[PDB]
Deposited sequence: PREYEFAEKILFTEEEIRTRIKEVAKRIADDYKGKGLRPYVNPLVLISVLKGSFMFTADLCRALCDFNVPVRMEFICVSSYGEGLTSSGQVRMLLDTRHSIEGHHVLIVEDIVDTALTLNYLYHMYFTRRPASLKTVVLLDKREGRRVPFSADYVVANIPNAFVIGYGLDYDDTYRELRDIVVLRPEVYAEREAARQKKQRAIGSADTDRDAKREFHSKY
């Protein structure tokens, strides 16, 4: 990548970590009675960044026979909801999917919002976690990779909406 710096995580490394995370999720929900139609694991994907992670994660979950329901939401901050879920999450096992949690301002807002809607359970899975960038305390339930305070792009992550399409996660501005 001539426009960026070193590759932080290759596609194969990301694929491998996602498979392990899906394995852990499958194990953790094994006794929850997840079933298609009535009780699938609801993946609430925060657009735009999580689209790629979501596509790969849902397939890894499928590998472990975990039935899932995909939801896509969109938010904006000046946090307001531009697009919310199409089906009620009440009584369901929900997993909010994000590409990166740094300040945790958005994710914490969404977690609070969904928590009040009476889901059976509510957890979060993030591709990347900059645990040091917090503006509000927030602990994700599943993390694919913890990273330093480096600006990264690729695999859904952007530099002003560009470079989301890269197969690898690359360092634009080091750590």
item	value
Deposited-sequence segments unaccounted for in the coordinates	1-3, 82-90, 188-220
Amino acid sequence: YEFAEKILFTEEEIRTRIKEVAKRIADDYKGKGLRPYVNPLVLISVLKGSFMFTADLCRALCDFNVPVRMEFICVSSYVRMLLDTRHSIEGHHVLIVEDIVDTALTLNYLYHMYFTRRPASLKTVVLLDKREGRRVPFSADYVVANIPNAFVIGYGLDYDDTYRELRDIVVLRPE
From here on, numbers count along this sequence of modelled residues.
property: Mean Cα B-factor comparison, 47-55 or 116-124, giving the higher one as deposited; result: 116-124
property: Between the two ranges 99-107 and 84-92, the one averaging a larger CA B factor in the entry; result: 84-92
property: Chain third (lowest, middle, highest) by recorded CA B-factor, residue given as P137; result: middle
property: CA B-factor placement of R69, once the chain's modelled residues are sorted into thirds; result: lowest
property: Lowest, middle or highest third - CA B-factor, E165; result: lowest
property: CA B-factor placement of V38, once the chain's modelled residues are sorted into thirds; result: middle
